[PDB]
Every structure is written in C-alpha cells, then in structure tokens.
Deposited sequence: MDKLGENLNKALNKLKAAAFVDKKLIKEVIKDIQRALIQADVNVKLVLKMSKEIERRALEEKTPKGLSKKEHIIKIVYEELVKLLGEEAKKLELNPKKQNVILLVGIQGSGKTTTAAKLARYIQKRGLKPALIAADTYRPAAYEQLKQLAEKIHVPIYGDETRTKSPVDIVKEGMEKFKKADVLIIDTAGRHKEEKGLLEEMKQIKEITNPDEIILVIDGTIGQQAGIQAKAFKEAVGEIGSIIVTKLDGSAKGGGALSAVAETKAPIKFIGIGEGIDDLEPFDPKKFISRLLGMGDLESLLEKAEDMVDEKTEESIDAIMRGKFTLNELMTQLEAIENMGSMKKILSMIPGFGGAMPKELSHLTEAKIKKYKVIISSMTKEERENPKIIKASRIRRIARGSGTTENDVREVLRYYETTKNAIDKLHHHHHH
C-alpha cells in the first residue's frame, strides 16, 4: 500500500548512474522490484511475467535507445508496472440526458453502504444531482452512519425504517425522486458475504431498471482474492460492470488486489483512500504510480523522448527543415556529435541549450544578461560560452533562408 511504494522506489533508487549498467544491474532491481510486489501480495504469476518483460526489453533491445540510460529502465519498469495496475478505462460515463441509474453491489464487510454516500459526493462535484435509495436492509446504526452523510450533502435518499421490501421500496423512489435527479445511485447489495447470492438479489432489480452501470464495491484488504470476485461479476454483468476497490489504507495487501481486478478485464473506475469523502479520486493508473514510485511521474518524458525517433526521420526531418530555431539547432547538434565543431564544442553547445526555456529556444531574442547568466550558471559553463551559442545560432539563422 504505502510500504510497496516504500520498499519499491528503493529499486528505481538503485538506478543512479555511477557504474552504468553492464547488462545485469537491471536484474539486481528486478528480483526486488518484484518482491516488493509479491510482498505487496500480488498474484505471483502476474509478477514473474512482469519480471520477464523487462528482461526482453531492457537488456535486450535496450541501449540508451531513447531518454538515455538509467532513465530508460526506470521508464520501462513504469510503463509496464502500470499496465499491471490497469490498462486504462476509468472513463465513468455520466448522464446522456438528465437521468441515469447506477447500481451498487458488493459482499458484506466492504464499504458498500458508505461507498454509496461517497459516490454521491463525487457526482455532486462532477456537476450532477445524485439521489440514493437504500434498496436493502440496514442495521440500527447504518441509519446513524448514512443519512447523516446524505446530510453532509444535499443528497436525498429513500430509506425504509417502518415496513420494508425491495422491488418496490425501489420502484417508488425511482418513479419518485426524478423531480431533480440527474443521476440515481441505488444501494441494493443485500448483506451477503458471498458473491453468488450477491448476483441473484442483483437482477431481480436489473429487470426493474435498465442500469447504465453496475458497480462492485470490492475491498483492498481482501487482497488478491478481490479478483475472483471480479470475474464472477464480469461473467454475469453484460459489461456494464465496473469495480470500485476501497480501503486502500487499511492493509499491506491491496495494491496486490487491484492487480487482480486488473487481470480480469473488468474496469476499475474508483478507489478508496480513507473515510472522508475528500480523499476519494477516480482511478487512473499512471497517477497511482506517480503517487507510488514518487519522484518524477509520467509526463516527465514527452520532450526528451518525443524529439527522438529513428534518426532517419528526424535526421531527414530537418532536411526539408530549413528555417532556424534554437530547438532546431539542438536538433542539428544532435546529428553532428553523432553520425559525425570539435567534440567538446558539440557537447557544450548542446549542454547550454539544454538549459534554456521553450520560450527562450522558440524565437530566442528575449535573451539578455539576467537570463544569460542563469542558463550559463544552470549549465556549468560561462556567460561567454552561452553568448557563443547565441552567436553561432544568430549566424546559422541569418544564413539559413530560402529554398
């Protein structure tokens, strides 16, 4: 959960730069990147593959090939680790008009009755009017821990403490709260500790509504077992199912739980964090890892990885390319040091530049003293060597011009 992010980043850590990988140093990370995962109760078999797709990737076709050394493997791990926690499908649809119908379910001992309230205060902010309907029995405390909530919010709810039932104590509220209902969540999950029974009560009530989404409120704590629940759910819900895994703070195992729900194709659209409606963001893989691996997340590689293709497309991209530009020259030194301005003069120009701002490279007249001295100080060279780059530039630019 947090120890995973704890014992884990201790491997990306290992990757510094000192003694550039021979071709095995990667392994000294893998065995442990993985054990963080196993220890974080992830289905072993999932882990052993995870470990192989780094082999056949980063001690094979590897090569700084891309964003340089350590950066890469520290990238491969990521881009893959993520795919474990989920491909991507968090797009919780909303309401094509002004009326939808989400169905909540999930074995007893979960956060199902609460996750009700929470979701209500998700859509609230999404920009919609959600109402809840206690479509099952509740314990004489459950009323002291729900309504209150629906009161913490504007969410109206139809609860039955007098006489009770199901397929009508659900009909009325349906044909009742509509006078403002943009979205309607229905808390129906009977008190079942076992899935089969969960999926039967759930249907009697899928014939009375035409659900837009059925949601399964699983449970982190439940660790990898969460996924054998995900299957019986997907294998019974016409793909309108979506998991909600909560209690991601109450357990060492749990991150190992999403990976389970992640094997099953069934989509994960929300996650638990705590108890207060605040800490309850939608689930999006990449983000979860940013929180996880700490350090510099995903987008941190779309300028120094996007500007680098086969070099026969880039080396020649600039063949038609004529008009100058500082990122365009950077793009030329990046074909002079390589693919053969003395050496040392080629890396230093590329070094100085590599410390300017897009704004400064894009149409670079705005550069003067105060800035020069910051590029020239952030890069390790002298104010004079940055002026030589400017010079060089301002010369190649005058020169490069017509056809």
Numbered from 1 on the deposited sequence, the unmodelled stretches are 341 to 363, 427 to 432
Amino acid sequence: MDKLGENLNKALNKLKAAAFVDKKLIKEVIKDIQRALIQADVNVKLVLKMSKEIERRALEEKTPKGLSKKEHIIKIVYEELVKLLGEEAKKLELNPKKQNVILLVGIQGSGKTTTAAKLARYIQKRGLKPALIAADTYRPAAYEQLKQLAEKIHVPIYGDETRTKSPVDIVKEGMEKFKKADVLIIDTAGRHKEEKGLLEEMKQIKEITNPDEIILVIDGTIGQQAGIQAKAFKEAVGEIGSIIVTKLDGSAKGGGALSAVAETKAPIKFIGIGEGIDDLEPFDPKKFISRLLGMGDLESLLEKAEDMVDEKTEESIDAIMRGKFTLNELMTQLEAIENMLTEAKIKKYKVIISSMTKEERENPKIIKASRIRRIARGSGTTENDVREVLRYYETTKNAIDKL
From here on, numbers count along this sequence of modelled residues.
Comparing mean C-alpha B factor in the record for 209 to 217 and 294 to 302, the higher one is 294 to 302
The stretch whose C-alpha atoms carry the larger average B-factor in the entry, 303 to 311 or 153 to 161, is 303 to 311
In this crystal structure's PDB entry, the residue among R126, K269, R322, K234 with the greatest CA B factor is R322
Note to self: of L280, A257, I228, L103, the C-alpha temperature factor tops out at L280
Tertile call for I222 (CA temperature factor, within chain, third-based) is the lowest
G274: CA temperature factor from the record, placed by chain third, in the middle
In terms of its chain's C-alpha B-factors, the third that includes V183 is the middle
Temperature factor at the Cα of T357, chain-ranked in thirds, falls in the lowest
The third of the chain into which the C-alpha temperature factor of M50 falls is the middle
